Amino acid sequence: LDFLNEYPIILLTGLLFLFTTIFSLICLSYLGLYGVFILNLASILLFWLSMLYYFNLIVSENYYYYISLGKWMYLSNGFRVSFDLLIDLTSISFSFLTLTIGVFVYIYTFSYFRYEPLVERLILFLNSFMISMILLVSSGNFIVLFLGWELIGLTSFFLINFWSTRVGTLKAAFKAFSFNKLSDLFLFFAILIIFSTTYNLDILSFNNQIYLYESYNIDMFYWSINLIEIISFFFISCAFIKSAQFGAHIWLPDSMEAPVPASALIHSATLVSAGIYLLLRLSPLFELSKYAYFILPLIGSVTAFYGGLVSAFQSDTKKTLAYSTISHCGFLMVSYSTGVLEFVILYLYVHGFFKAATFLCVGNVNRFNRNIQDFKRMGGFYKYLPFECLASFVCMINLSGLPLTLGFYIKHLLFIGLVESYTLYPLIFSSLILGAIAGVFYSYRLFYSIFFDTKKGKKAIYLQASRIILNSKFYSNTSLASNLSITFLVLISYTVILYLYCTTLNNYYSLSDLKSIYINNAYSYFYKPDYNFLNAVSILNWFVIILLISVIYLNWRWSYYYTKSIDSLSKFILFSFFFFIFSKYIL
Amino acid sequence: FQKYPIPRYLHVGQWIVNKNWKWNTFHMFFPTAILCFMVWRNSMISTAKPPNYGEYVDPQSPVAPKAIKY
Amino acid sequence: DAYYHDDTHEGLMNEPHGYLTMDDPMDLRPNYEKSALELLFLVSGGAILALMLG
Amino acid sequence: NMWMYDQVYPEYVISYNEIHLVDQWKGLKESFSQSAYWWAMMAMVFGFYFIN
Amino acid sequence: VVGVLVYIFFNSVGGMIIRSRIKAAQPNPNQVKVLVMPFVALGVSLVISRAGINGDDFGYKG
Amino acid sequence: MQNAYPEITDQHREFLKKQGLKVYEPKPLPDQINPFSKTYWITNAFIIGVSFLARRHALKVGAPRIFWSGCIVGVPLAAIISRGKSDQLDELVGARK
Amino acid sequence: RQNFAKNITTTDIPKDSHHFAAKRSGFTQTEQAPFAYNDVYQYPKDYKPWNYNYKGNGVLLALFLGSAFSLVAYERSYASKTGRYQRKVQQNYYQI
Amino acid sequence: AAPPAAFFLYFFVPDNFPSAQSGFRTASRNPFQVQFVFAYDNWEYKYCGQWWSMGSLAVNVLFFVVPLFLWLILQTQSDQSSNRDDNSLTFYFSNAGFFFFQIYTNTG
Amino acid sequence: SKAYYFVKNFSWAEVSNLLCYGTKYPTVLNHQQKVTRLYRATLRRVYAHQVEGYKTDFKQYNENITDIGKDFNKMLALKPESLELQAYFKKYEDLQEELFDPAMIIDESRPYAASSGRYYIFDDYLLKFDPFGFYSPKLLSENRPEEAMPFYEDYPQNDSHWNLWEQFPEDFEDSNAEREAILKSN
Amino acid sequence: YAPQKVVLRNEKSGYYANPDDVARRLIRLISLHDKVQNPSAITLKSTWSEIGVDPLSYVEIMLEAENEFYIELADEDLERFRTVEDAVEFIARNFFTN
Ligand SMILES: COC1=C(OC)C(=O)C(C/C=C(\C)CC/C=C(/C)CC/C=C(\C)CC/C=C(/C)CC/C=C(\C)CC/C=C(\C)CC/C=C(\C)CC/C=C(\C)CC/C=C(/C)CCC=C(C)C)=C(C)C1=O
Ligand SMILES: CCCCCCCCCCCCCCCCCC(=O)OC[C@H](COP(=O)([O-])OCC[N+](C)(C)C)OC(=O)CCCCCCCCCCCCCCCCC
């Protein structure tokens, strides 16, 4: 209907979600467990349906909305700011991912914390965090952006430190609190500089008149610093702290004692993506900045390598996922440094969806293992959590970027557009290559050690989960709702990623305008690649193949199948050679 | 965790189930929807939108962007 | 799960309980602090509504 | 305020899991000594890609 | 002053249950008065102030 | 104020409309969103009536009723804002005074 | 210390006497004398300690009347500001 | 360590009216906790010049010379403002003593 | 056993002592106590690395535990002042250090575990507390006066003191009926 | 549902696990050891030296005991065990015993 296209209902449904969350928080005695669950489920489902309707219009067609709620605050003599929301491609790209992951995490969170005394508090905290993140990405001016920035930091401080009776979790939450205070300082100083320069806080206007101030300088006490350089420096600093780049990443692994739905939301999109959003929100500023040009690829590649290698050595499942998230944040920073804004969105969506699904599977495994998150005390879990095993296999083969999967394409697109003109290019490229191959190691380690190793766990788990009296059609080591949530999340992820791939990677370009005038020749090597580039990518392909052979055929222990393992490796090599000969030359 | 007793005098929220939660859910949901509808109806007055497909902005029209006469 | 117990059978499942405020429901004192603070709120809201909005 | 005070399980404000390294200087020494391996592997990868 | 005195002296008779019992024992006109007339006094004060700040006697209308 | 954009000719816009293009024009508010229309106040009266009845039912059944009360004050409290900001002469992207 | 009287005159305190019965007979040579009053408080059985037990309409009516007065006063002020006896309603309204 | 035997406690003025909120139930205090509560207030230096080297001499000196550093930085940025014709660090006098929103009326 | 290895500002020597022996001060233990504690710590570490490990080999684990058992049986029969016993102590403390993991798995039953103290348990003092009488009956007398004590009202939970004078119903008849009756009588 | 009245904590028998089950499992585990001669002489009142359990085999058995009972025992607690009864009571009174 044309009325829906002219007047969005996203605002109405989001307000319904927010007000239901707040009133459930205040009137929690009237609503029991079931009442809170049902009310917030209805609100979140309506919000998701409305945003799903508008997703196609905003992404494919050139639809966007500027909504003003009213004049809000006086910030200068004779100056007032209003509460503005900008529902455009950049905002909807983050908001739809956050809302979908949040809907499925919400349904999963009731099965998780099944008999805990404070399920309602966790549900409402997750709702508050999602609302804050959605408000952050839908900002219309800088004041609303700062409000969302401070809200995501505050609500994540409560999802962390959920076990408020322990000071040990209080320390972990306070670490992130301090890092968020530093982020807020940097962002607010950058906003102050912007307002002192242009005397406006509207983002859109800022994106269209900042090029007029490229040749300007500011006078620090003994320095004359370019305006774009200092503004970009502060924005990049706060983005680095939120996105947990190297050095400022130490708060993120210590954030893992939060409940696993909170980890699924925080580490997949939302918080870790917030910094990336900033880079996408203010693209011209960083296009005109020398500091960004030098610092994004170097720090991104170092972070990618560091996170990828540290992840492959972890034994805690949540720590492995957290370090994988750090590596992927570095990869996203490099992808933004590429200069192609579509590749960033594709990487964001793929990583967020599959990382959230992997967190859900890991959370079910951890609940089965009775709060022991180290897979040194696991093994042979396939017969007790079969759905977890199979769904986890799918999610890890997609997340690790294995060949012939959806996650392969984002890595390939990243390596297509990499700029070779950097002074520190050798280090950047080596770090990127070493971080790209690390996914197979931690994916294989996690899957094999949790599900298909020897029994390393305690006898109580296995023996109590296998008594004869428990044989029934109702037998299960998880909940049906968890299985349905994971299944539907995977299906929706596949559908959305395929739709985005069609929109961006087809011969007919269909994506809406990204409001950026910096265009490079990166798509050429995607559209008309040449021979040396194909050979160069084949090199990394064969490196990954060698690593897969290593993780499959290496015997680190004595076994009755050692000799037969060597024989099978020899048979596979000979068969591959003969198969290649037959497929290439004769018939 | 195994359930443990909670003192009656404390207004805390451990293991609470309200038997009348359906009516309370109804009476918290529908007025919330009405309030949000009123807020959205007020906010649509101040909502902007780019021109639709097949439409162009006449630069000399009053709706077109303007400069300032000094 | 295997041995789940419903809310009626569960003797440690709570219903809404607890005193909202430290104030005694059957206090026999002519206390007026609450009335004074409600006067503050209501008169401030009325002054906003009848003097300042439009 | 160097301790998180608690009537049950009071803690130090900072945890040190890698206490086998006694101080930060030996930690830095160990970190560089072990990161030389990663430096060598990165050098080999870049040499391969620069040749080919 | 009349409104605030009547509000305080009508709502400061005891705890919630005691106040409920007293109001229930009150006859209908008494309950109507103790509800309405403080609101009447305060609202009339606010209305007088609003009439004070608005100039609606100006004769250049039309 | 000025035009701020380069000039265009009448022949060119005649050619444009011959080609099938249409000149962008702000649209009037629909009846539901118009705070001065009759359907707006019919909806407001319906809201007030249903809110009063549902408040009575909630009091009878024991559900919270403060939210039904916020709908009753919300109607006249939002009529001021909707009509108040339409009177102001400030210009957003919507239309030119 | 508190010095107010507890035997109020406005109403009778809700109480019951079946609880805590006195002995009054069959005493031994070593036990203490029984207590005298033994009455205990009785709650209205519809009281919820966890929420306001408010069933009135005065607050809602007062707030609604204040908001309606605000609306009509704004209408009068706007009519006076434009130099008119009443608001002149345009035939079409547009987005701000 | 043995619990302290002599330490500074809480004290109240003569004829003080006690606080009797929530039933007026007061517990016995912990000697170590009370000792910590009153230790800092009664702590004092032992000899002249002990402060300078107490902790870190360089850090203490830097803390001592902070106001001079702030004054010098302000002077440098005032130099920067002077040549750019920026707002100087002066008591501006442009309203001729007329206050911000002040009623200026006459009688008679 | 309290697992506060890293949440207290310990040095490595204290942590090593706590890992090898159940105390920070192993000098106050007997010879047999020290030998048994070191044997238990060594077996625990070997189990944590060779049974609950990464690529666990049961045959190698059995060989190593057999050798360790032989060595500790030799250790037990030695004398405390012998240098060979000191060498054995040094060797197995070095073994404990060499297998040290900053990511030790801590059993959930230990006092300072990851999931310890997640819930506040209310004792009988809080369960039986009811100042106002909604859940437990409350006397209008507010207490039972014990002998050898005067009868005094309990201290209220809220000592506001923002009270008026005593309130009376309107047109309250409060004449001196007794005095009037007696004066009429005479 | 909670009765909406003051209910105190219930201590019941003070055992979080079945004492007979704990004792039988522990005695079977003890009999699994090589240096234990006969399982038929083991009793709750039996001392570790009577059944032939020297301190090294004692720590060996008590490690597998804590593995089997899903708990972990401190050095002092194990040092205070004189007979099978002491260990059985300590394990059965543990809140974490499975
Ligand atoms: C493996 O990481 C590391 C981490 O994890 C990221 C760590 O946490 C830590 C621990 C750190 C701390 C505790 C705090 C310290 C703080 C830091 C910021 C330290 C961080 C250290 C790093 C990120 C490691 C980077 C350092 C090195 C030495 C990497 C070594 C890389 C190579 C050897 C690549 C090989 C490059 C070659 C061979 C260049 C030769 C040139 C040609 C063949 C010509 C072609 C090239 C050009 C035409 C252009 C290039 C020319 C130049 C001059 C640029 C070359 C400069 C380079 C640096 C390559 C350490 C020590 C670390 O170590
Ligand atoms: C010019 C080329 C230079 C190449 C330099 C060397 C590169 C080596 C591969 C990348 C670094 C991998 C570091 C280890 C990551 C995993 C760590 C881990 O947890 O391991 C346990 C995993 C899983 O085992 P597990 O965890 O079950 O337990 C095994 C037992 N422990 C714990 C003791 C290891 O095992 C492995 O990773 C097996 C060893 C992998 C060895 C790979 C050898 C590669 C040889 C070079 C191939 C070159 C091909 C051509 C390339 C051309 C382009 C450059």
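Use the structure listed above.
One structure accompanies this document, and this report is about it.

Things to note about the overall build of chain A
Working step 1: A count of helical and extended segments in chain A gives 24 helices and four strands.
Working step 2: Scaling as 2.2 N^0.38, a compact globule of 587 residues should have a C-alpha radius of gyration of about 25 Å, and chain A matches this with 25 Å.
Working step 3: Across its three principal axes, chain A shows a C-alpha extent of roughly 85 × 65 × 55 Å.
Working step 4: Within chain A, buried positions represent 63% of all 587 residues.
Working step 5: Between the centroid of the 33 positive side chains of chain A and the centroid of its 25 negative side chains there is a distance of 19 Å.

Focus on the arrangement of the chains
Working step 1: Comparison of the 28 pairs of chains in contact shows the highest number of contacts for chains B and F.
Working step 2: Contact between chain B and chain E is absent, and the minimum C-alpha spacing across the pair is 17 Å.
Working step 3: Taking C-alpha atoms as the reference, chain E and chain J come no closer than 20 Å and do not contact one another.

A word on the environment of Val 34 of chain H
Residue and element names in this part refer to chain H.
Working step 1: With respect to the element layout, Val 34 can be found in helix 1 (residues 31-42).
Working step 2: Residue class for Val 34 comes out buried when judged on its relative accessible area of 3%.
Working step 3: Distance in space between the C-alpha atoms of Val 34 and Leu 57 is 31 Å, their sequence separation being 23 residues.

Here we look at the site of ligand 1
Working step 1: The local shell around ligand 1 holds 16 residues, among which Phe 246 and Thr 423 of chain A together with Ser 35, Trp 39 and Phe 46 of chain D are the closest.
Working step 2: Within the side chain of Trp 39 of chain D, an N or O atom sits 2.4 Å from an oxygen atom of ligand 1.
Working step 3: In isolation ligand 1 exposes 1300 Å². Once the protein is present, 52% of that is buried.
Working step 4: Breaking the shell around ligand 1 down by element, the ones donating at least two residues are helix 13 (290-311) and helix 18 (425-436) of chain A together with helix 1 (24-51) of chain D.
Working step 5: Take the shell around ligand 1: its biggest share by element is eight residues, from helix 1 of chain D.
Working step 6: Among the residues forming the shell around ligand 1, the class breakdown is 14 nonpolar, two polar and no charged.

Concerning the packing of helix 1 (residues 21-43) of chain B against helix 2 (residues 38-61) of chain F
Working step 1: Orientation of helix 1 of chain B relative to helix 2 of chain F, taken along the N-to-C sense of each, is 160°, at an axis distance of 11 Å. Viewed along their axes, helix 1 of chain B and helix 2 of chain F adopt a mutual orientation that is roughly antiparallel. As for the relative orientation of helix 1 of chain B and helix 2 of chain F, their crossing is left-handed in sense. Contacts from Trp 23, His 27, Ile 34, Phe 37 and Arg 41 of chain B of helix 1 of chain B reach helix 2 of chain F at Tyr 40, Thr 43, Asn 44, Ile 47, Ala 54, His 57, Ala 58 and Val 61 of chain F.

Let's talk about the interface of chain B and chain F
Many authors give the size of an interface as the accessible area that is lost as the parts come together.
Working step 1: Counting from both sides, the interface comprises 35 residues of chain B and, opposite them, 45 residues of chain F.
Working step 2: Both faces considered, chain B and chain F share a buried interface measuring about 3900 Å² in area, 65% of it formed by carbon and sulfur atoms.
Working step 3: Considering only the surface of chain B that becomes buried against chain F, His 27, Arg 41 and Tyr 56 of chain B emerge as the three largest contributors, covering 19% of it.
Working step 4: Between chain B and chain F we count one salt bridge in total.

Structural notes on helix 15 (residues 341-368) of chain A
All names here are of chain A.
Working step 1: Taking 1.5 Å of rise per residue, 28 residues should cover 40 Å, and helix 15 covers 41 Å from first to last C-alpha, within 8% of that figure.
Working step 2: Judged by how many residues are buried, helix 15 sits mostly within the fold: 27 of 28 residues are covered.
Working step 3: Once helix 15 ends, the next one or two residues include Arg 370, with phi positive near 60°.

Considering the site of ligand 2
Working step 1: What surrounds ligand 2 is a group of 17 residues, the closest being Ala 312, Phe 441, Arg 445 and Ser 550 of chain A together with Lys 55 of chain I.
Working step 2: Around ligand 2, the neighbouring residues derive from chains A, D and I rather than from a single chain.
Working step 3: Residue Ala 312 of chain A places a main-chain N or O atom 3.1 Å away from an oxygen atom belonging to ligand 2.
Working step 4: Between an oxygen atom of ligand 2 and a side-chain N or O atom of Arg 445 of chain A, the distance comes to 2.8 Å.
Working step 5: Look at ligand 2: alone it shows 1100 Å² of surface, and the protein chains cover 71% of it.
Working step 6: Mapped onto the shell around ligand 2, the elements with two or more residues apiece are helix 19 (438-451) and helix 23 (531-553) of chain A together with helix 1 of chain D.
Working step 7: Of all the elements, helix 1 of chain D adds the most residues to the shell around ligand 2, at four residues.

Comments concerning the pairing of strand 1 (residues 65-76) of chain A
Working step 1: Bridging between strand 1 of chain A and strand 2 (residues 79-87) of chain A involves eight bridges; their strand directions are antiparallel. Bridging across to strand 2 of chain A, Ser 76 of chain A finds its partner in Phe 79 of chain A.
Working step 2: Counting the residues between successive antiparallel strands, the hairpin from strand 1 of chain A to strand 2 of chain A contains two residues, one of them, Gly 78 of chain A, with a positive phi of roughly 80°.
Working step 3: One ladder, built from two bridges, connects strand 1 of chain A with strand 1 (residues 47-48) of chain B; its direction is antiparallel. Among the inter-strand pairings, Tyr 66 of chain A is bridged to a residue of strand 1 of chain B, identified as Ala 48 of chain B.

So, the sheet that holds strand 1 of chain A
In sheet architecture, strand pairing relies on hydrogen bonds along the backbone and comes in two forms, parallel and antiparallel.
Working step 1: Strand order in the open sheet formed by three strands is 2(A)-1(A)-1(B), with antiparallel pairing between adjacent strands. Across the chains shown, the open sheet's two edge strands, defined by having one partner strand only, are strand 2 of chain A together with strand 1 of chain B.

Parameters at a glance
Residues numbered from 1 in each chain as written, not as in the entry; some residues may be left out. Chains lettered and ligands numbered in written order. Part of a larger assembly, values for the part shown. Heavy atoms only, no water. Helix = DSSP H or I, 4+ residues; strand = E, 2+ residues; numbered from the N terminus. Rg over C-alpha atoms; globule rule 2.2 N^0.38 Å. Buried < 20%, exposed > 50% of the residue type's maximum accessible area, 1.4 Å probe, protein only. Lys, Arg positive; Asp, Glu negative; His and termini not counted. Charge placed at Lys NZ, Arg CZ, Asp CG, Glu CD. Contact = heavy atoms within 4.5 Å. Near = heavy atom within 4 Å. Polar contact = N/O pair within 3.5 Å; in protein donor to acceptor, adjacent residues only side chain to side chain. Areas by Shrake-Rupley, 256 points an atom, 1.4 Å probe, with all protein chains shown as cover. Nonpolar A, V, L, I, M, F, W, Y, C, P; charged D, E, K, R; others polar. Axes fitted to C-alpha atoms, helices over the stretch in contact; angles between N-to-C directions. Parallel < 35°, antiparallel > 145°, perpendicular 65-115°, else oblique. Left-handed = near helix turned anticlockwise from the far one by under 90°. Buried area = accessible area lost by both parts, 1.4 Å probe. Salt bridge = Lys/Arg side-chain N within 4 Å of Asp/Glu carboxyl O. Expected span 1.5 Å × (residues − 1). Pairing = 2+ DSSP bridges.

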